[PDB]
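One structure below.
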Amino acid sequence: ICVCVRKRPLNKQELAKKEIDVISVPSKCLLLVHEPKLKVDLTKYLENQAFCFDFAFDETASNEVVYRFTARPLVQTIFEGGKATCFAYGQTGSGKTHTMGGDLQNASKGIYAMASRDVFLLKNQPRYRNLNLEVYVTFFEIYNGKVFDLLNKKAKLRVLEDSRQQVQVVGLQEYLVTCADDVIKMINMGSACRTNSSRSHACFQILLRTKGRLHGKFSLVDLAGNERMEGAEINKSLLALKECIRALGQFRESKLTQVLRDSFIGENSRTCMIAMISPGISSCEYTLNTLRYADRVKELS
Amino acid sequence: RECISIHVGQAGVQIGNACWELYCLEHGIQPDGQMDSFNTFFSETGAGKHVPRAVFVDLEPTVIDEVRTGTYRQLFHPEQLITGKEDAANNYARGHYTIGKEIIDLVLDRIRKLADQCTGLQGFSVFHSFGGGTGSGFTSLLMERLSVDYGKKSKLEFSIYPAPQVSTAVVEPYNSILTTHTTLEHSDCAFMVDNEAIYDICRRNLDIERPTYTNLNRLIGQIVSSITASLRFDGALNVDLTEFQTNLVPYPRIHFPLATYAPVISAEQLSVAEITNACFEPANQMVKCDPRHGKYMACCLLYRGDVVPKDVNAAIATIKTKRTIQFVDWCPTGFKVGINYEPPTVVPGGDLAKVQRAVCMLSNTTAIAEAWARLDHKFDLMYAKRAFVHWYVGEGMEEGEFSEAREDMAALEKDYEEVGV
Amino acid sequence: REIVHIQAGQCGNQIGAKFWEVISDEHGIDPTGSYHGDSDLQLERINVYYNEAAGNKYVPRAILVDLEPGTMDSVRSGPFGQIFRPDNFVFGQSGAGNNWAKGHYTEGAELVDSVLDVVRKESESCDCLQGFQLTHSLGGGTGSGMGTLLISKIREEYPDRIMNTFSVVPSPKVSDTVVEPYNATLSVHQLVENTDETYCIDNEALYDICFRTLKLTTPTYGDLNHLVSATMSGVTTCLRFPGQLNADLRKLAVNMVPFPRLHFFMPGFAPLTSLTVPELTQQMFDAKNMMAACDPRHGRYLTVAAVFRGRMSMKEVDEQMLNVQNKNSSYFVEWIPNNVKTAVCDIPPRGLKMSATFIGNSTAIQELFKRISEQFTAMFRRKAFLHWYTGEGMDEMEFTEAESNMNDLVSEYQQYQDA
Ligand SMILES: Nc1nc2c(ncn2[C@@H]2O[C@H](COP(=O)(O)OP(=O)(O)OP(=O)(O)O)[C@@H](O)[C@H]2O)c(=O)[nH]1
Ligand SMILES: Nc1ncnc2c1ncn2[C@@H]1O[C@H](COP(=O)(O)OP(=O)(O)NP(=O)(O)O)[C@@H](O)[C@H]1O
Ligand SMILES: COc1cc2c(c(OC)c1OC)-c1ccc(OC)c(=O)cc1[C@@H](NC(=O)CS)CC2
Ligand SMILES: Nc1nc2c(ncn2[C@@H]2O[C@H](COP(=O)(O)OP(=O)(O)O)[C@@H](O)[C@H]2O)c(=O)[nH]1
Ligand SMILES: [Mg+2]
Ligand SMILES: [Mg+2]
């Protein structure tokens, strides 16, 4: 388990509204929140809080830099026959989709793409050549306990779970890719018909297969905002996610954790959590909420 | 000039039901109808009747229905009694959003129907429960909107802080924290009443093994009477709201003054010096805690009955000689003393007797924050596991609003402690 | 504010029939006629359980469902047979089942609409509908399979209001079918998803109470129903009677169920068979007196709700009620504050001068789910009698999908014996 935080810069709208930037990342593992506060007598002061992560990225960090220290180290895990998961977590507008899917739009500039790029590079390496693996991709979203295939026109799928308890998503479409350009075509397609704005869970998968068997799988997840009572399903999934990840380094189930169940139960499984933060003073309470959730996640490492 | 009373939800309703009855007895208004000064609270309607300037709202009939039943039935207008069929369910999220929305427009409009026959209104006195369905939810929403329709006009809340024994609900602490957050930037001054403190006073004093609501309310009635009184009689103590609060709250952070009632003694004369002496006694407070610990940043003495200042003075002198004065650094030594010659009338079949003279003492101490802690702990500890949160997310609330609210209570508890020397 | 009562499948029908005639005499109601009894209270909230028709008459807001006539005509020519509204009965005629599938798909679906369309009449007649409560068995099928269906179809037409059930979970002793575990598991899954509160009346527990502590040799379905029937009156008292609480039944839910997964209550009664107070509590908190085969010891209580009955001083009750969660203060989860609430009402039940009943959301209930999942995976292992369902249209993996959901429920309850 690896936990990171990424601060996005203030955008045009926020700068125009003269939003104050209350986030500092003085080192590669330290993030500071300059929380505005008032004493009882109305005196203004700062309660500067400190959080430490495996990696803390500032507003000047590009997606490639973020990718290098988060999902990149997990690709090898699937070639070694494991199951990896990378989650983008945070408030609405914090940068989750921008990081995983591309800037906004541009698939190539996102983690899904970059990860794919390294998967093709590794499979062609001598240590793996003799694996004779085939690369497959899937893209689906979870909305109100329902699974929808984004590569099969939002087709609603069924999720079943025997007694042995493994889960299976009936009908999910797996597409064969042999080139990064292939993957970029499936990402554009999927993102084009996704339910920008959260409301769902996005999950783009990269599977490795050899002979009827699954060699390894990497599930990249673009979570829904963490901050119409569907927020109950979102909060239950996030609560469920936390306990599943913590159970990895040692419920009250939800769809998300049910579908990704097999990626937390194995002994050869790794995960990375990236906490996105919007730097504005107006989002300070949302930030603290994101950071404290993150603390408890890494708390199991 | 004028003055609207609003009672929302069971506790709110029943409390007011009992202090609108002490009001009548004080001003001698035979339930039926008739008998300025008395005008601060009543509107001389028809060529007989006297009727209150109040509005009662609950999200189920039940409570209000008993009002349109027992005598006093005639006392109000049918309109000032709003009722709502579907219950609040016991969760702010319902009262503030789901079930409230539906009745807010009808209440909001009627209270404005009341304020319309008031040449220069003053503000609203609002009575509601802390935890409790619509007491927390609807109240919060009312206040938000009252602030929109009535800019200046002050808002004085009379809140009921919940206590384990006079039965609460498991989720109570959530509700309390929740309302007190939204509601805080919109009230001017609020009077908290600990149900444990009143249950307590009814035991040590009235000597009731099983204190009823109807038993508690009667006592609360009295505390409230003594609080308003000043601005009902009229030329006496705390005249025209404003100068009431300008006296207790030094900081915008809505400060909740601590109330202490004088001599409570069962039916079936106490010295002026003695009742004052009983005012600086923890066992007689309105919110269980103790100021021999914290500090005072504004003291108030509100007497009623036969009293000359000559004594009130010598009682204060000796009340400081062998006592825990403990006044705070940057603030005089208050003691805005107010005497209201009009004697303390009590309910006829009541449990308390007529008394020659009674005191009130409203103090804004830092030790009142000891109650903001007792609540946070309960909340914090349940929230540690999303204990019941899902019922709120269910009506359409954000898990964030739970953080964002406790987040303020963390802050308030800081401010309170920060005022110390 | 007002509740309708669905009652389906041989067990359910019999169980509820005793419930009805038991509360009816509590309120003082004749086989048809109205009031008769020097009491006055009764009538306040008689509203809640009785839609009242022509002239005096009281007629309960009850819907009767089954997939074979017999059981229904057992009621009609029985206790308070004349009391229920005639076209409120919904006959089945065709094969019963005693196989879930039949009741939740084939012979079930067949009826559903004709019942749903009668609950729809009762509901829309209600001045302000509170929710539904249904009685049925989890084993067998004409109510464990149609029932779980009926409810799957009530939510959808009524997401709004809440779903309440009294479900008899079956055992290896005192059972008519080898398949019960299949029928049971198949429903448990359904209940978890579409109900707000479910009371577990374990028949294993039930039998134990009659013979293990009541000298009653051959336990009829009779003196056994007498237990459930008395328990059910105890559990509803506060919503049908005074002016202490009022009981939104939603308030009851919001307050008893901390976690979404509808948590199942194990009930318990005070005196029994067909009382000092300290003597009454000591008993109402005893395993030997729970309505479900469990033992709160092997597990903590999430929240507890107790309701006394009869002329007695609360001064003593509040005192004893504190004295239980003290001599046993380790068994009450400490992460939920005042998690044990007690209500007292002063109108004595049948016989009994004093009485108490108990509702408990306890992680020990885990024990019960585990033991039915024990005979399930113990049969579905080498696919047992399974071909009886395969045949009615079901899929093989709809069994694993149920089993899997169910074990989680165990793996969750066992997760909350935390700190
Ligand atoms: N002092 C006092 N407290 C009361 C009274 N009635 C209820 N309470 C308290 O109020 C809190 C519960 O508030 P409720 O009035 O029942 O809640 P509500 O939503 O406003 O009313 P309902 O719609 O009936 O649920 C608890 O703290 C109770 O102890 C009363 O008459 N006097
Ligand atoms: N590091 C970054 N640099 C520049 N722009 C960014 C960055 N991160 C996010 N943005 C922009 O800010 C917005 C937030 O994007 P995304 O669309 O990334 O949010 P979420 O996905 O954070 N939001 P939501 O779907 O509401 O939960 C978009 O308009 C992005 O283009
Ligand atoms: C069906 O009628 C019932 C309805 C309710 C309650 C209950 O249990 C005592 C019932 O009896 C079974 C109830 C329950 C639970 C609580 O927490 C465990 C609570 O605090 C409170 C309660 C009951 N309310 C009170 O005790 C208010 S002072 C109201 C909801
Ligand atoms: N206590 C109670 N349980 C019963 C009764 N009848 C049956 N049961 C239990 O419930 C299970 C199924 O009940 P049954 O009515 O035959 O199923 P149906 O076809 O759905 O009506 C059986 O396995 C028994 O354990 C009853 O009369 N009272
Ligand atoms: Mg997004
Ligand atoms: Mg309420």
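In the structure tokens, chains take letters A, B, ... by order of appearance, with residues numbered from 1 within each chain and ligands from 1 in the order shown.
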
Within-6 Å residues of ligand 5, basis only C-alpha atoms and all ligand atoms, as a VMD selection string | chain A and resid 96 to 97 197 to 198

Please produce an output containing C-alpha atoms for each residue in the selection, written as a short mmCIF file (atom, residue, chain, number, x, y, z; two decimals), in the first residue's frame.
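Below is the file again.cif, written as the result:
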```
data_model
loop_
_atom_site.label_atom_id
_atom_site.label_comp_id
_atom_site.auth_asym_id
_atom_site.auth_seq_id
_atom_site.Cartn_x
_atom_site.Cartn_y
_atom_site.Cartn_z
CA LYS A 96 -9.17 12.96 -10.27
CA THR A 97 -10.30 12.60 -13.90
CA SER A 197 -18.34 15.32 -13.27
CA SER A 198 -18.31 12.43 -10.82
#
```

For chain C, work out the contacting residues on chain B at 9 Å, counting only C-alpha atoms, and write them as an NGL selection string.
-> :B and (60 or 85-91 or 164-165 or 167-171 or 209-210 or 378-379 or 381-382 or 384-391)

Set the cut-off to 6 Å and count only C-alpha atoms: what are the residues of chain A that reach chain B? Output as an mmCIF file with C-alpha atoms, in the first residue's frame.
```
data_model
loop_
_atom_site.group_PDB
_atom_site.id
_atom_site.type_symbol
_atom_site.label_atom_id
_atom_site.label_comp_id
_atom_site.auth_asym_id
_atom_site.auth_seq_id
_atom_site.Cartn_x
_atom_site.Cartn_y
_atom_site.Cartn_z
ATOM 1 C CA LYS A 39 -10.628 33.033 17.959
ATOM 2 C CA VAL A 40 -13.797 33.545 20.010
ATOM 3 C CA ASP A 41 -13.120 37.276 19.954
ATOM 4 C CA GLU A 227 -17.683 15.407 -0.452
ATOM 5 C CA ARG A 228 -30.263 12.712 -4.770
ATOM 6 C CA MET A 229 -29.307 10.773 -1.641
ATOM 7 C CA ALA A 232 -25.041 7.270 0.686
#
```

Considering only C-alpha atoms, return as a ChimeraX atom specification whatever protein or nucleic-acid residues lie within 9 Å of range 200-215 of chain A, sequence-local ones (same chain, fewer than 3 positions apart) excluded.
-> /A:78-82,97,112,115-116,119,131-144,174,187,190,194-195,197,218-225,234,256

Please tabulate, as a tab-separated table, the residues of chain B that come within 12 Å of ligand 6, each with its closest pair of atoms and the distance in Å to one decimal, counting only C-alpha atoms and all ligand atoms and ordering rows by chain, then residue number upward.
```
residue	atom	partner	partner_atom_place_in_ligand_line	distance
B:8	CA	ligand 6	1 (Mg)	10.2
B:9	CA	ligand 6	1 (Mg)	7.0
B:10	CA	ligand 6	1 (Mg)	7.5
B:11	CA	ligand 6	1 (Mg)	9.6
B:12	CA	ligand 6	1 (Mg)	11.1
B:57	CA	ligand 6	1 (Mg)	11.6
B:58	CA	ligand 6	1 (Mg)	8.3
B:59	CA	ligand 6	1 (Mg)	7.4
B:60	CA	ligand 6	1 (Mg)	8.4
B:61	CA	ligand 6	1 (Mg)	11.5
B:62	CA	ligand 6	1 (Mg)	11.7
B:63	CA	ligand 6	1 (Mg)	11.4
B:84	CA	ligand 6	1 (Mg)	11.4
B:85	CA	ligand 6	1 (Mg)	11.9
B:86	CA	ligand 6	1 (Mg)	9.9
B:87	CA	ligand 6	1 (Mg)	6.2
B:88	CA	ligand 6	1 (Mg)	4.2
B:89	CA	ligand 6	1 (Mg)	5.1
B:90	CA	ligand 6	1 (Mg)	4.3
B:91	CA	ligand 6	1 (Mg)	7.1
B:92	CA	ligand 6	1 (Mg)	8.5
B:93	CA	ligand 6	1 (Mg)	11.0
B:94	CA	ligand 6	1 (Mg)	9.0
B:95	CA	ligand 6	1 (Mg)	7.8
B:96	CA	ligand 6	1 (Mg)	11.3
B:99	CA	ligand 6	1 (Mg)	10.6
B:100	CA	ligand 6	1 (Mg)	11.3
B:128	CA	ligand 6	1 (Mg)	10.9
B:129	CA	ligand 6	1 (Mg)	9.3
B:130	CA	ligand 6	1 (Mg)	10.8
B:131	CA	ligand 6	1 (Mg)	8.7
B:132	CA	ligand 6	1 (Mg)	5.0
B:133	CA	ligand 6	1 (Mg)	2.9
B:134	CA	ligand 6	1 (Mg)	4.8
B:135	CA	ligand 6	1 (Mg)	6.7
B:136	CA	ligand 6	1 (Mg)	8.5
B:137	CA	ligand 6	1 (Mg)	8.8
B:138	CA	ligand 6	1 (Mg)	9.6
B:139	CA	ligand 6	1 (Mg)	11.4
B:168	CA	ligand 6	1 (Mg)	11.2
B:169	CA	ligand 6	1 (Mg)	10.3
B:171	CA	ligand 6	1 (Mg)	11.5
B:172	CA	ligand 6	1 (Mg)	10.5
B:175	CA	ligand 6	1 (Mg)	10.5
```

C:110, C:87, C:66, C:124 ranked by distance to residue 2 in chain C, top pick (using only C-alpha atoms) | C:124

Step by step, measure atom-to-atom distances between ligand 4 and each residue using only C-alpha atoms and all ligand atoms, keep those at most 9 Å, then write them as an MDAnalysis selection string.
-> chainID C and resid 8:15 66:68 71 96:100 103 136:147 168:180 183 201:204 206:207 220:228

When you get a sec, could you note down which chain C residues fall within 7 Å of chain A, using only C-alpha atoms, as a PDB file with N, CA, C and O atoms, in the first residue's frame?
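The new file out-v7.pdb reads:
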```pdb
ATOM      1  N   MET C 397     -25.827 -20.531 -10.389  1.00  0.00           N
ATOM      2  CA  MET C 397     -25.053 -19.490  -9.712  1.00  0.00           C
ATOM      3  C   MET C 397     -25.877 -18.505  -8.876  1.00  0.00           C
ATOM      4  O   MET C 397     -25.305 -17.678  -8.173  1.00  0.00           O
ATOM      5  N   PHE C 399     -27.570 -19.489  -6.562  1.00  0.00           N
ATOM      6  CA  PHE C 399     -27.413 -20.136  -5.266  1.00  0.00           C
ATOM      7  C   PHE C 399     -26.094 -19.642  -4.683  1.00  0.00           C
ATOM      8  O   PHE C 399     -26.092 -19.113  -3.573  1.00  0.00           O
ATOM      9  N   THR C 400     -24.990 -19.771  -5.422  1.00  0.00           N
ATOM     10  CA  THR C 400     -23.691 -19.276  -4.939  1.00  0.00           C
ATOM     11  C   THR C 400     -23.771 -17.776  -4.591  1.00  0.00           C
ATOM     12  O   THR C 400     -23.222 -17.330  -3.579  1.00  0.00           O
ATOM     13  N   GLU C 401     -24.491 -17.013  -5.423  1.00  0.00           N
ATOM     14  CA  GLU C 401     -24.683 -15.572  -5.244  1.00  0.00           C
ATOM     15  C   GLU C 401     -25.420 -15.238  -3.956  1.00  0.00           C
ATOM     16  O   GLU C 401     -25.241 -14.152  -3.391  1.00  0.00           O
ATOM     17  N   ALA C 402     -26.271 -16.164  -3.520  1.00  0.00           N
ATOM     18  CA  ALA C 402     -27.022 -15.998  -2.285  1.00  0.00           C
ATOM     19  C   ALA C 402     -26.135 -16.387  -1.119  1.00  0.00           C
ATOM     20  O   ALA C 402     -25.999 -15.635  -0.149  1.00  0.00           O
ATOM     21  N   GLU C 403     -25.520 -17.557  -1.232  1.00  0.00           N
ATOM     22  CA  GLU C 403     -24.600 -18.060  -0.225  1.00  0.00           C
ATOM     23  C   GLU C 403     -23.523 -17.014   0.084  1.00  0.00           C
ATOM     24  O   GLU C 403     -23.271 -16.693   1.257  1.00  0.00           O
ATOM     25  N   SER C 404     -22.911 -16.473  -0.978  1.00  0.00           N
ATOM     26  CA  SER C 404     -21.860 -15.460  -0.867  1.00  0.00           C
ATOM     27  C   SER C 404     -22.316 -14.205  -0.145  1.00  0.00           C
ATOM     28  O   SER C 404     -21.600 -13.705   0.717  1.00  0.00           O
ATOM     29  N   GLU C 412     -19.540  -9.531   8.704  1.00  0.00           N
ATOM     30  CA  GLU C 412     -19.745  -8.127   9.022  1.00  0.00           C
ATOM     31  C   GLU C 412     -20.111  -8.021  10.483  1.00  0.00           C
ATOM     32  O   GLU C 412     -19.554  -7.216  11.203  1.00  0.00           O
TER      33      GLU C 412
END
```

Which residue gives the smallest distance to residue 282 in chain A among A:76, A:36, A:8, A:85, with only C-alpha atoms counted?
-> A:36

Mind the document's chain letters and residue numbers, and return as a PyMOL selection string the residues of range 47-294 of chain A that DSSP labels strand (DSSP E or B).
-> chain A and resi 47-52+55-57+83-90+103+106+134-143+146-149+155-161+167-170+175-177+201-209+214-222+269-277+280

Would you kindly return, as a ChimeraX atom specification, each protein, DNA or RNA residue with an atom no farther than 8 Å from any atom of residue 301 in chain C, considering only C-alpha atoms and excluding same-chain residues fewer than 5 positions away?
-> /C:296,331-333,360-364

Backbone-only DSSP, helix (DSSP H, G or I) members of range 9-176 of chain B, as a compact mmCIF listing (two decimals) with C-alpha atoms, in the first residue's frame:
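Dumped everything to out.txt:
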```txt
# COMPACT_ATOMS: atom_id res chain seq x y z
CA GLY B 9 -41.51 20.73 17.66
CA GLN B 10 -42.78 18.73 20.67
CA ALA B 11 -40.41 20.10 23.31
CA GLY B 12 -40.70 23.57 21.81
CA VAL B 13 -44.48 23.38 21.73
CA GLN B 14 -44.97 21.90 25.22
CA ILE B 15 -42.51 24.31 26.86
CA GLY B 16 -44.32 27.28 25.38
CA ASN B 17 -47.65 25.72 26.18
CA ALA B 18 -46.59 25.99 29.81
CA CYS B 19 -45.03 29.46 29.76
CA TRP B 20 -47.84 30.98 27.75
CA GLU B 21 -50.00 29.75 30.64
CA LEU B 22 -47.75 31.36 33.26
CA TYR B 23 -47.89 34.48 31.11
CA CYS B 24 -51.68 34.55 31.25
CA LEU B 25 -51.67 33.99 35.00
CA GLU B 26 -49.08 36.77 35.42
CA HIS B 27 -51.14 39.30 33.41
CA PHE B 38 -48.94 43.67 28.32
CA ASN B 39 -48.83 44.49 24.57
CA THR B 40 -45.25 43.43 23.99
CA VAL B 63 -48.94 17.64 20.45
CA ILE B 64 -50.62 20.64 18.83
CA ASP B 65 -53.92 18.74 18.82
CA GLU B 66 -53.95 18.69 22.63
CA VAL B 67 -53.59 22.45 22.54
CA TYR B 92 -32.11 16.67 11.30
CA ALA B 93 -31.63 15.59 7.71
CA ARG B 94 -35.38 15.11 7.46
CA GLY B 95 -36.48 18.22 9.31
CA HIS B 96 -34.04 20.49 7.48
CA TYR B 97 -34.51 19.07 3.99
CA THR B 98 -37.00 16.35 3.06
CA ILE B 99 -40.00 16.85 5.32
CA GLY B 100 -39.35 20.53 6.15
CA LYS B 101 -39.27 22.06 2.67
CA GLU B 102 -42.91 21.09 2.44
CA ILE B 103 -44.12 23.11 5.43
CA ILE B 104 -41.59 26.02 5.54
CA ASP B 105 -43.40 28.21 3.06
CA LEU B 106 -46.66 27.92 5.04
CA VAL B 107 -45.03 28.74 8.37
CA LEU B 108 -42.81 31.48 7.08
CA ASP B 109 -45.82 33.22 5.55
CA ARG B 110 -48.01 32.98 8.68
CA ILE B 111 -45.39 34.39 11.03
CA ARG B 112 -45.24 37.29 8.59
CA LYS B 113 -49.02 37.50 8.90
CA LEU B 114 -48.39 38.06 12.61
CA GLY B 133 -36.44 15.48 14.85
CA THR B 134 -37.89 18.77 13.78
CA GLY B 135 -36.49 20.56 16.82
CA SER B 136 -33.03 20.45 15.24
CA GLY B 137 -33.91 20.26 11.56
CA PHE B 138 -36.81 22.60 10.92
CA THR B 139 -35.52 25.15 13.43
CA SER B 140 -32.23 25.47 11.62
CA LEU B 141 -34.09 25.97 8.33
CA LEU B 142 -36.52 28.48 9.86
CA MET B 143 -33.70 30.60 11.24
CA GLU B 144 -31.83 30.58 7.90
CA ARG B 145 -34.92 31.91 6.21
CA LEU B 146 -35.94 34.28 8.99
CA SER B 147 -32.57 35.93 8.46
CA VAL B 148 -33.45 36.41 4.82
CA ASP B 149 -36.87 38.02 5.43
CA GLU B 172 -29.49 12.80 19.66
CA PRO B 173 -25.83 13.98 19.79
CA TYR B 174 -25.63 14.00 15.99
CA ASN B 175 -28.72 16.17 15.76
CA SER B 176 -27.54 18.62 18.43
```

Taking only C-alpha atoms and all ligand atoms into account, report as an MDAnalysis selection string which residues have an atom no farther than 10 Å from an atom of ligand 2.
-> chainID A and resid 6:12 57:63 66 88:105 195:202 222:227 276:278

Write to file, as an mmCIF file, in the first residue's frame, the residues of the selection just made, with C-alpha atoms.
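Saved the output as out-v4.cif:
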```
data_model
loop_
_atom_site.group_PDB
_atom_site.id
_atom_site.type_symbol
_atom_site.label_atom_id
_atom_site.label_comp_id
_atom_site.auth_asym_id
_atom_site.auth_seq_id
_atom_site.Cartn_x
_atom_site.Cartn_y
_atom_site.Cartn_z
ATOM 1 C CA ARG A 6 -1.422 15.785 -5.140
ATOM 2 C CA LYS A 7 -2.198 19.488 -4.943
ATOM 3 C CA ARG A 8 -3.571 21.038 -8.153
ATOM 4 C CA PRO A 9 -2.946 24.707 -8.823
ATOM 5 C CA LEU A 10 -5.632 27.351 -8.418
ATOM 6 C CA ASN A 11 -7.605 27.617 -11.661
ATOM 7 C CA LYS A 12 -8.761 30.720 -13.541
ATOM 8 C CA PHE A 57 3.136 16.469 -5.256
ATOM 9 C CA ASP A 58 2.855 20.255 -5.574
ATOM 10 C CA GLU A 59 1.003 22.343 -8.157
ATOM 11 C CA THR A 60 3.945 22.204 -10.569
ATOM 12 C CA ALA A 61 3.959 18.411 -10.815
ATOM 13 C CA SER A 62 2.810 17.067 -14.178
ATOM 14 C CA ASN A 63 0.833 13.875 -14.725
ATOM 15 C CA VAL A 66 2.749 11.823 -10.594
ATOM 16 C CA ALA A 88 -7.766 8.633 -7.454
ATOM 17 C CA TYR A 89 -9.555 10.023 -4.426
ATOM 18 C CA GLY A 90 -10.721 13.491 -3.407
ATOM 19 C CA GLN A 91 -13.316 16.235 -3.674
ATOM 20 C CA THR A 92 -15.297 17.214 -6.753
ATOM 21 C CA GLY A 93 -13.005 19.195 -9.048
ATOM 22 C CA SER A 94 -9.785 18.152 -7.255
ATOM 23 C CA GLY A 95 -8.166 16.594 -10.344
ATOM 24 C CA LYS A 96 -9.172 12.964 -10.271
ATOM 25 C CA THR A 97 -10.301 12.600 -13.895
ATOM 26 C CA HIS A 98 -7.543 14.907 -15.143
ATOM 27 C CA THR A 99 -4.937 12.606 -13.583
ATOM 28 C CA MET A 100 -6.347 9.234 -14.630
ATOM 29 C CA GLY A 101 -7.923 10.007 -18.000
ATOM 30 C CA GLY A 102 -6.115 12.946 -19.496
ATOM 31 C CA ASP A 103 -6.028 16.690 -19.171
ATOM 32 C CA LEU A 104 -9.545 18.074 -18.873
ATOM 33 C CA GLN A 105 -9.755 15.028 -22.949
ATOM 34 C CA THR A 195 -21.977 9.472 -16.717
ATOM 35 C CA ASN A 196 -17.134 16.353 -16.710
ATOM 36 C CA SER A 197 -18.342 15.320 -13.274
ATOM 37 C CA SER A 198 -18.308 12.425 -10.824
ATOM 38 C CA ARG A 199 -21.645 10.689 -9.884
ATOM 39 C CA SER A 200 -19.991 7.410 -10.818
ATOM 40 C CA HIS A 201 -16.936 5.362 -10.135
ATOM 41 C CA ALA A 202 -14.732 4.975 -13.200
ATOM 42 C CA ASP A 222 -11.356 7.267 -10.978
ATOM 43 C CA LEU A 223 -13.516 7.652 -7.851
ATOM 44 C CA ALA A 224 -16.574 9.867 -7.440
ATOM 45 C CA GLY A 225 -16.266 13.063 -5.378
ATOM 46 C CA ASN A 226 -15.885 12.281 -1.683
ATOM 47 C CA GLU A 227 -17.683 15.407 -0.452
ATOM 48 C CA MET A 276 -6.340 14.966 -4.886
ATOM 49 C CA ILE A 277 -6.602 18.363 -3.190
ATOM 50 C CA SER A 278 -8.074 21.635 -4.347
#
```

Of B:317, B:272, B:286, B:410, the one nearest to ligand 1 when counting only C-alpha atoms and all ligand atoms is B:286

Pick out the residues sitting within 12 Å of residue 367 in chain B, and hand them over as a PyMOL selection string; count only C-alpha atoms, and ignore anything fewer than 2 positions along from it in its own chain.
-> chain B and resi 255-258+282+287-297+326+328+363-365+369-373+413+416-420

When you draw a straight line from atom 24 (O, counted along the ligand's line) of ligand 1 to CA of residue 344 in chain C, how long is it in Å?
->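 Interatomic distance, atom 24 (O, counted along the ligand's line) of ligand 1 to CA of residue 344 in chain C: 18.2 Å.
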
Expressed in Å to a single decimal, how great is the separation between CA of residue 233 in chain A and CA of residue 5 in chain A?
->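 Interatomic distance here is 24.2 Å.
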
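Taking only C-alpha atoms and all ligand atoms into account, ligand 3 lies nearest to B:213 out of the set B:41, B:330, B:213, B:150.
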
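Separating CA of residue 236 in chain C from atom 5 (C, counted along the ligand's line) of ligand 3 is a distance of 9.4 Å.
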